[PDB]
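**Student:** Just dropping this structure here.
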Amino acid sequence: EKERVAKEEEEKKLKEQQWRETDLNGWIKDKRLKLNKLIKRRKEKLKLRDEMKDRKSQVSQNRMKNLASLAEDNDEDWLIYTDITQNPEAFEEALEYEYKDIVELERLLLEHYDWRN
Amino acid sequence: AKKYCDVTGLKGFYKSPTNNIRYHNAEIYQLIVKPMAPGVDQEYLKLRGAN
Amino acid sequence: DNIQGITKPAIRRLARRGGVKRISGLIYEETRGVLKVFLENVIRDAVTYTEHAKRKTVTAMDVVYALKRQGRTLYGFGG
Amino acid sequence: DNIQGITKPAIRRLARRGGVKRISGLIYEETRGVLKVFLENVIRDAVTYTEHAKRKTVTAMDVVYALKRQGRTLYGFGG
Amino acid sequence: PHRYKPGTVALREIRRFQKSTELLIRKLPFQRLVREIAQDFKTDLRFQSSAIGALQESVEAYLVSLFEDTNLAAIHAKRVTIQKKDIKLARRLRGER
Amino acid sequence: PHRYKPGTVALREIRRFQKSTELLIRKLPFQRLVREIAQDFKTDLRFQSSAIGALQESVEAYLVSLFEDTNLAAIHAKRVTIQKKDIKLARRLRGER
Amino acid sequence: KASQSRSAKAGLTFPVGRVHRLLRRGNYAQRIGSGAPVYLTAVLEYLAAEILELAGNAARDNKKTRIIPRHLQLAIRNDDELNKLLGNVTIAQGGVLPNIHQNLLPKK
Amino acid sequence: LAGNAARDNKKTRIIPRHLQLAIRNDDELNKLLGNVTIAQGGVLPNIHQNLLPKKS
Amino acid sequence: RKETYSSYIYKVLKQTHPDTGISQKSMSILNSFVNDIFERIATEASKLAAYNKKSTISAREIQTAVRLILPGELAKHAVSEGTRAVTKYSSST
DNA sequence: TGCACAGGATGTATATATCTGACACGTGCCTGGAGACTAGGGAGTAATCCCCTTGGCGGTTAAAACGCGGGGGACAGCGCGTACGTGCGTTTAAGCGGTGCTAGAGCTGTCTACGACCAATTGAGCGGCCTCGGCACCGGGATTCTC
DNA sequence: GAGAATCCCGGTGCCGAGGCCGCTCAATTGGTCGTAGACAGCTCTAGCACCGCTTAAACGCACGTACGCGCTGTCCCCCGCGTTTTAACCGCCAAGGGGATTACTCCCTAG
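Residue numbers (the working numbering), protein chains in the order written: chain A, 715 to 831; chain B, 693 to 743; chain C, 748 to 826; chain D, 748 to 826; chain E, 7 to 103; chain F, 7 to 103; chain G, 8 to 115; chain H, 5 to 60; chain I, 336 to 428.
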C-alpha cells in the first residue's frame with residue numbers, strides 16, 4: 715500500500731517534470747495563481763485571528779451568543795459544540811501548514827510591506 | 693498655539709482619548725501610541741509640560 | 748443512617764454536573780470520606796467563630812467567614 | 748543565544764533531584780517554556796515595588812515581598 | 007420497541023444537568039448530617055437556614071471542581087471509567103492530603 | 007568490558023543528589039537571563055547579589071515541586087518516562103493557568 | 008455658599024465621602040490623603056460598570072429583562088481577565104458552563 | 005526539633021538542611037508550613053516502589 | 336440602620352441599560368464583590384505604605400496597588416479612568 | 001378481500017372576560033457629609049559621604065556538545081469476561097404547610113476601670129573588635145552491589 | 001568470582017562562629033482623664049418540634065453489552081561512554097553612581 719502510494723507520488727512528480735519541460739510558462743502561471751490563492755487564504759486567516767482577539771468586536775459578541783445558544787440547548791449541535799472550542803495552538807499549526815503550502819507553491823513557481831510608504 | 697504630534701513632531705491632527713497623546717496618522721497610532729508601555733505617556737507629556 | 752443520609756443518585760447528580768461519563772461503585776464511600784474531611788475543617792472553624800461571639804447558634808456570617816479563611820470564598824451572603 | 752543560558756545537564760540535575768529514572772528529550776524545552784513565564788511573573792511584581800520605592804536597583808528585600816504577596820513566602824534573606 | 011445506545015441519552019442527561027441550576031442534595035439529610043457533625047465540637051447548637059444554604063453551596067462547588075479534576079485525571083490515564091486512584095491522584099496533586 | 011545497566015547509575019546519582027542540597031544552576035547564565043528579561047520594562051537596571059540567589063532558590067524549589075507532581079502523574083500513567091502531557095496535567099491539577 | 012458633594016466634582020456616581028469614611032475608620036493608615044478616595048471611587052466605578060455591561064449583555068442573550076445570577080456567572084466565567092480575578096470565588100446559585108471533552112463524544 | 009535533627013547526624017552545628025529535616029518530618033508542622041520554601045535545605049529522600057528495580 | 340450601595344449601582348445600570356430589572360440576590364453578590372475589591376485594594380495600599388516607612392496614603396500607592404492587583408489592560412483602563420477623575424476633581428480653581 | 005367515500009369527532013384560532021401577580025413611583029427624617037477655622041509635624045528638597053557593583057582583565061578546568069552502540073519501554077492490536085447502564089415493581093420518607101412554643105438575638109442604659117498620654121529615668125541589646133576550633137578538604141584503606 | 005564505587009579513619013589551615021566592652025536610645029514607672037467593655041435589663045424575631053397528605057424519588061432484582069484488562073510483537077529512541085572545546089569561575093583593581101542621612105520648611109491633613 716505504501717509502495718503503491720510512493721509509485722503514484724513518483725509518477726505525479728514525473729508528470730510535473732514533463733509538464734514543466736513541455737509548458738513551463740503555463741505551469742509557472744498556474745503555480746503563481748496557486749501561491750496567490752494560498753497567500754489570500756492565509757491573509758484571511760490572519761485577519762480572522764486578529765479579529766478574534768478583540769473583546770469588543772462583533773465576532774466576540776457572536777461567539778458569546780453562540781456560547782449562550784449552546785448553553786440554551788443532535789449530531790449537528792454536537793459538531794458545533796466541538797468546533798466552537800478555542801484552538802490557538804492549532805491556529806498556529808494551521809498557519810505553519812499554510813506557510814509551508816505557500817512555500818511549496820513558491821518552489822513550484824520557481825521550478826516552472828515596503829518601507830517607501 | 694499650534695498642535696504637533698508627540699511622537700514625530702509633525703502636524704498632529706488627532707489625539708488619543710486614553711492617554712491624551714497627539715499623533716499624526718494611523719500607523720503611528722497602531723504601532724506606537726496604542727501598544728505603549730505605562731509611564732512613557734507622562735514622559736512624553738513632560739516635554740510640553742502637560743503631565 | 749446519617750453519614751449515608753446522602754443517597755446513591757446524589758453522587759450521580761454531582762457527577763453529571765461535572766461532565767463525567769462512567770462511574771464506579773467503590774467511589775461513593777470515598778466521596779463520602781472527602782465529605783467528612785471537608786466538613787470537619789469547615790465547621791470546626793465555624794464553631795470557633797460561633798462560641799467566640801458568645802452565641803450558641805450559627806448565623807449566616809460566621810460560615811461565610813469560615814469559607815473566607817481557606818480561600819474558597821462565596822458571594823451572595825456577604826451582607 | 749542568551750536564552751540558551753540554561754543548560755541541558757542542569758535540567759538533568761533538576762530532574763534527578765526529583766528522582767526520575769527516565770527522562771525524554773522534550774522535557775528540557777517544556778521546562779524552559781514553563782520557567783520563562785514563571786520568573787517573569789515575579790519580575791512583574793518586583794520592579795513595580797522597586798519603582799514605587801523611587802529606587803533604580805533591586806534587592807533581596809522586595810523580591811521576598813513579591814513572593815510573599817503571591818504566596819510562596821521564603822526564609823533566609825530577611826523579611 | 008426502540009432503544010438508545012448506552013452513552014447517548016447520558017449525553018442528554020449531561021446537558022440537562024449542565025443547563026439546570028437547581029440543587030442536587032435533599033435539605034433534611036444534609037441538615038441532619040451537619041447537625042450531627044456539629045454536635046461533636048459543641049453541644050446545644052442551633053442553626054440558620056442561610057448558613058445551611060451557604061454550606062451546601064460550598065460543598066456542591068467542591069465536589070464539582072474535584073469531579074472534573076478526577077475526570078481529567080481519568081482521561082489522562084487513557085480510560086473512560088473513573089476509579090478511586092483517580093480521586094487520590096487528584097487530591098494529592100491538588101495539594102490537600 | 008564492564009557495561010552498566012541503564013538506570014542503575016541514574017538511581018545512584020539520584021541518591022547522591024538526594025543527600026546533596028547545593029545549587030544545580032549556573033550563576034552567570036541565569037544572571038544574563040534575568041537581566042535580559044528585566045531590561046524590557048525600565049532600562050539601566052542595577053541588581054543586588056542576594057536577589058539573584060533568592061531567584062535561584064525560588065526557581066529550583068518551583069522546579070522540584072513541579073517535578074515531584076509530574077513524577078506522580080507519570081507513575082499514575084503506568085509509565086516510567088515523562089511526557090509533555092504529564093506536565094500539562096500537572097499544571098492543570100495544581101492550577102496555575 | 009452651598010456646594011454639592013465631591014462625587015460630581017469628580018463626575019462620579021459612587022459616594023466619595025463614604026469611601027473616605029471607610030478608609031478613615033478602617034484603620035489602614037493613620038493619615039489619609041485627599042486624592043485617595045477619588046481614585047478608589049473611580050476604580051470601583053469602572054469595575055462595576057464593566058460587570059454591569061457584561062451582565063446586561065448576558066441578560067439580553069437569554070431574552071430576559073432581569074439579572075439572574077446565572078447571567079453574572081456566565082458573564083464572569085466566559086471572559087478571561089474576570090476569570091483570573093474571580094477564579095477562587097464561587098458565585099451563589101451560578102451553575103457550571105457547558106463543556107464536553109472531544110474524546111468523550113461519539114466520534115465513530 | 006532542630007537540635008534533635010542536629011544530634012542524629014553527628015553535627016553540633018545547625019544547618020538549614022537540618023532545619024528542613026526538622027520541619028518536614030512532623031506532619032502538623034509540615035502543613036503549618038506547606039506554603040513555605042526554605043533556603044539551602046533540600047528535599048527528603050523518597051524513592052518510589054515502581055521505580056525501584058529488580059525483585060526481592 | 337444598614338448600609339448598601341444599591342442606588343448608585345442601580346443608576347450605573349440605568350445609564351447603559353434602561354429597560355433591565357434586578358434580582359435582590361444580584362445586589363447581594365455585587366455588593367459583596369465591590370466590598371471585596373475595596374478590601375483587597377485598601378489593604379494592599381496599606382501594606383505598601385507600611386513598606387515604604389510612610390504614614391500617609393495618597394493616590395500613588397493605590398495606583399501601584401491597582402497595577403499590582405488588576406490584569407494589565409484592566410489596570411491601564413482603571414488608571415486611565417482614575418487619572419482623568421482625579422485631574423477633573425483637582426481642577427477646583 | 002381490499003379500497004374509496006362520507007359522516008362524525010375533535011382540534012384550534014383568536015379575541016374576549018375576569019382576574020390576580022409581582023413590579024415601579026410619591027412622601028417623611030435624621031444623621032452624616034460638607035463648609036469653616038486652628039495646629040503641627042510629615043513629606044520634600046538637597047547635599048554629602050561612602051560602598052558596592054558593574055566592566056575588565058586572564059588562566060584553567062570542570063563540564064557541555066557531539067557522535068556512537070545497544071536494550072528495555074512505549075506503541076497498537078486482539079481476545080475474555082464483567083460491571084455499569086437500563087428497566088419495572090415496590091416502597092418511603094422528602095416536601096409543604098400548618099401550628100404551637102419559647103430560647104435567644106438584639107437594642108438601651110449606666111457605670112468605672114482599663115488604657116492612651118505625658119514626663120522623667122536607667123539599662124541592655126546592638127556593634128566594633130578580638131580570638132580560636134568544627135567542619136570542609138585531601139589522602140588512603142575497608143566494603144558493598146553489580147556484572 | 002572481579003570492579004567501580006562507595007563508606008570510613010586520620011592530618012590541615014581557616015575563616016567564620018563565640019565573648020566583651022561602650023554606650024545610646026528604648027523599655028520602665030508614675031499620674032490623669034475620658035471614654036469603651038461589661039453587666040443588667042428589656043422587647044419580639046425566629047429557631048425547634050410534630051402531624052399529616054402527596055408522591056416523586058429511591059432501593060432491588062434482572063440482564064446485556066461495550067470497556068477494563070491481560071498478553072504480545074515491535075521499532076526506536078533514550079542511556080552509558082569516549083572526545084573536543086567552550087564558556088564558567090576565581091583573584092583582583094579601579095570608578096563612580098546610587099543609597100543613607102542629615103536639616104530646615106511649609107502645607108495640609110487631624111480635630
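Positions of the beta carbon are idealized from the N, C-alpha and C atoms, including for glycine.
A/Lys745 to A/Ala720, Cα distance in whole Å?
**Tutor:** Residue mapping note: residue 745 of chain A aligns to position 31 of the first sequence, counting from 1. Residue mapping note: residue 720 of chain A aligns to position 6 of the first sequence, counting from 1. The alpha-carbon atoms of A/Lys745 and A/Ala720 are separated by roughly 23 Å.
**Student:** Could you give the C-beta distance for D/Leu761 and F/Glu102, rounded to a whole number, given that I count them as a contact under 8 Å?
**Tutor:** Against the fourth sequence, residue 761 of chain D aligns to sequence position 14. Against the sixth sequence, residue 102 of chain F aligns to sequence position 96. That pair is no contact at about 18 Å.
**Student:** Strictly under 9 Å for the Cβ-Cβ distance: is E/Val40 near chain C by that measure?
**Tutor:** Within the fifth sequence, numbered from 1, the residue matching residue 40 of chain E stands at position 34. With 9 Å as the cut-off, E/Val40 counts as an interface residue toward chain C.
**Student:** Would G/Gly18 and I/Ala385 qualify as a contact pair, given that the criterion is a beta-carbon distance under 9 Å?
**Tutor:** One-based indexing of the seventh sequence puts residue 18 of chain G at position 11. One-based indexing of the ninth sequence puts residue 385 of chain I at position 50. Not a contact, by the Cβ cut-off of 9 Å.
**Student:** I need the DSSP call for E/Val86, collapsed to helix, strand or coil.
**Tutor:** In the fifth sequence, the residue the question calls residue 86 of chain E occupies position 80. E/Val86 falls in the coil class under three-state DSSP.
**Student:** Tell me, to the nearest whole angstrom, how far the beta carbon of I/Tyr343 is from that of G/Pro22; I am working on the premise that it is less than 8 Å.
**Tutor:** Within the ninth sequence, residue 343 of chain I is the residue found at index 8, counting from 1. Within the seventh sequence, residue 22 of chain G is the residue found at index 15, counting from 1. With a Cβ gap of about 7 Å, I/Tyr343 and G/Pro22 count as contacting.
**Student:** In the DSSP assignment, the alpha helix (DSSP H) including G/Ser10 goes from what residue to what residue?
**Tutor:** For the purposes of this step, residue 10 of chain G is taken as residue 3 along the seventh sequence, with counting starting at 1. G/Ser10 -> no alpha helix (DSSP H), and no H or E assigned at all.
**Student:** Since F/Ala96 and E/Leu61 are thought to touch, with beta carbons under 8 Å apart, how far apart are those beta carbons, to the nearest angstrom?
**Tutor:** Residue 96 of chain F sits at position 90 when you count from the first residue of the sixth sequence. Residue 61 of chain E sits at position 55 when you count from the first residue of the fifth sequence. Their Cβ separation, rounded to whole angstroms, is 31 Å, which puts F/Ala96 and E/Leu61 out of contact at 8 Å.
**Student:** Mapping DSSP to helix, strand and coil, what is C/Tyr822?
**Tutor:** Here residue 822 of chain C corresponds to residue number 75 of the third sequence, with the count starting at 1. Three-state DSSP puts C/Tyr822 in coil, outside helix and strand.
**Student:** What number of angstroms, rounded off, separates the C-alpha of F/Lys90 from the C-alpha of C/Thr754?
**Tutor:** To locate residue 90 of chain F, count along the sixth sequence from 1; it is residue 84. To locate residue 754 of chain C, count along the third sequence from 1; it is residue 7. Spanning the two alpha carbons is a distance of roughly 40 Å.
**Student:** Mind checking if A/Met766 is an interface residue toward chain G, Cβ cutoff 9 Å exclusive?
**Tutor:** By 1-based counting over the first sequence, the position of residue 766 of chain A is 52. Chain G contact via Cβ: absent.
**Student:** In chain order, what residues of the stretch 785 to 803 of chain D put their CB closer than 7 Å to some CB of chain I?
**Tutor:** So the close ones are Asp792, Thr795, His799, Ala800.
**Student:** Which ranges does the beta strand (DSSP E) cover as unbroken runs of at least 3 residues, wholly within the stretch 767 to 803 of chain A, from first to last along the chain?
**Tutor:** Entirely contained in the stretch 767 to 803 of chain A, not one beta strand (DSSP E) run reaches 3 residues.
**Student:** Is there at least one Cβ from chain I nearer than 9 Å to G/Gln100's Cβ?
**Tutor:** By one-based count along the seventh sequence, residue 100 of chain G stands at place 93. Taking Cβ atoms only, chain I reaches closer than 9 Å to G/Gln100, which makes this a yes.
**Student:** Any idea which residues DSSP pairs I/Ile392 with across the strands?
**Tutor:** In the ninth sequence, counting from the first residue as 1, residue 392 of chain I sits at position 57. G/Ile39.
**Student:** Closer than 8 Å is the cut-off here; do at least three beta carbon pairs connect the stretch 781 to 789 of chain D with the stretch 17 to 34 of chain F?
**Tutor:** No, the stretch 781 to 789 of chain D does not touch the stretch 17 to 34 of chain F.
**Student:** Return the residues of the stretch 7 to 21 of chain F that lie within a Cβ-Cβ distance of less than 7 Å from chain D, sorted by chain order.
**Tutor:** Of all residues in the stretch 7 to 21 of chain F, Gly13, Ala16, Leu17, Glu19, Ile20 have a Cβ within less than 7 Å of some Cβ in chain D.
**Student:** Nearest-angstrom Cα distance between E/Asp92 and B/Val732?
**Tutor:** Sequence index remark: in the fifth sequence, residue 92 of chain E carries index 86 (1-based). Sequence index remark: in the second sequence, residue 732 of chain B carries index 40 (1-based). Going by the C-alpha atoms only, they are around 51 Å apart.
**Student:** Contact criterion: CB-CB distance below 9 Å. Does F/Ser55 meet it with respect to chain H?
**Tutor:** Here residue 55 of chain F refers to the residue found at position 49 when the sixth sequence is read from its first residue. No - not a single Cβ of chain H is within 9 Å of the one on F/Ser55.
**Student:** Comparing alpha-carbon positions, which option in H/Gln24, H/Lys35, H/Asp30 lies nearest H/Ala43?
**Tutor:** The count along the eighth sequence starts at 1 and reaches residue 43 of chain H at position 39. Closest option to H/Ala43, Cα to Cα, is H/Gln24.
**Student:** For the alpha helix (DSSP H) holding D/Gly780, just list the boundary residues, first then last.
**Tutor:** Stepping through the fourth sequence from its first residue, residue 780 of chain D is reached at position 33. Its alpha helix (DSSP H) spans residues 774 to 799.
**Student:** At 4 residues or longer, and completely inside the stretch 30 to 80 of chain G: list those alpha helix (DSSP H) runs for me, N to C.
**Tutor:** Whole alpha helix (DSSP H) segments, 4+ residues: 43 to 67.
**Student:** For H/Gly38, which three-state DSSP category applies?
**Tutor:** On the eighth sequence, position 34 is the one that residue 38 of chain H refers to. Three-state result, H/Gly38: coil.
**Student:** Is the beta carbon of D/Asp809 sitting closer than 9 Å to the one on D/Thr820?
**Tutor:** For the purposes of this step, residue 809 of chain D is taken as the residue at position 62 of the fourth sequence. For the purposes of this step, residue 820 of chain D is taken as the residue at position 73 of the fourth sequence. Not in contact: D/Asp809 and D/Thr820 (Cβ atoms no closer than 9 Å).
**Student:** I/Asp371 and G/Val96 - do their beta-carbons sit closer together than 9 Å?
**Tutor:** For the purposes of this step, residue 96 of chain G is taken as residue 89 along the seventh sequence, with counting starting at 1. For the purposes of this step, residue 371 of chain I is taken as residue 36 along the ninth sequence, with counting starting at 1. Yes.
**Student:** Taking just the CA atoms, how far does F/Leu69 sit from residue 6 of chain F?
**Tutor:** Residue coverage of chain F in this structure runs from 7 to 103, which leaves residue 6 of chain F outside it and unanswerable.
**Student:** Go through its chain and collect everything with a Cβ distance to G/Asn110's Cβ below 8 Å, but skip five positions before and after it.
**Tutor:** Your numbering for residue 110 of chain G matches position 103 in the seventh sequence. Nothing meets the Cβ criterion.
**Student:** Taking C-beta pairs closer than 7 Å, name the residues in chain C that G/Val103 reaches, listed in chain order.
**Tutor:** One-based indexing of the seventh sequence puts residue 103 of chain G at position 96. In chain order: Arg764.
**Student:** Can you find a CB in chain A that lies within less than 9 Å of the CB of G/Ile107?
**Tutor:** Within the seventh sequence, the letter at position 100 stands for residue 107 of chain G. Judged by the 9 Å Cβ criterion, G/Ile107 is in contact with chain A.
**Student:** Cβ of D/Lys768 within 9 Å of Cβ of F/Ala16?
**Tutor:** Position 21 of the fourth sequence, counted from the start, is the residue given in the question as residue 768 of chain D. Position 10 of the sixth sequence, counted from the start, is the residue given in the question as residue 16 of chain F. Yes, Cβ-Cβ distance for D/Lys768 and F/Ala16 is below 9 Å.
**Student:** Let me confirm a value: A/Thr736 is counted as buried when at least 16 other C-beta atoms fall within 10 Å, else exposed. Which label applies?
**Tutor:** Here residue 736 of chain A corresponds to residue number 22 of the first sequence, with the count starting at 1. Per the 10 Å Cβ criterion, exposed.
**Student:** Reducing DSSP to helix, strand and coil, say where I/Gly356 ends up.
**Tutor:** On the ninth sequence, position 21 is the one that residue 356 of chain I refers to. Looking at I/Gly356 - three-state DSSP - the assignment turns out to be strand.
**Student:** Would you mind stating whether G/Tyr35 and I/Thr378 have Cβ atoms separated by less than 9 Å?
**Tutor:** Residue numbering aside, residue 35 of chain G sits at position 28 when the seventh sequence is read from its first letter. Residue numbering aside, residue 378 of chain I sits at position 43 when the ninth sequence is read from its first letter. Yes, Cβ-Cβ distance for G/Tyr35 and I/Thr378 is below 9 Å.
**Student:** Hey, would you say I/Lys337 sits closer than 9 Å to C/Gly818, going by beta carbons?
**Tutor:** Reading the ninth sequence from its first residue, position 2 is the one you call residue 337 of chain I. Reading the third sequence from its first residue, position 71 is the one you call residue 818 of chain C. Contact flag unset, no.
**Student:** Checking contacts by CB at 9 Å: is E/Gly101 closer than that to chain C?
**Tutor:** Taking the first residue of the fifth sequence as position 1, residue 101 of chain E is located at position 95. Judged by the 9 Å Cβ criterion, E/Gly101 is not in contact with chain C.
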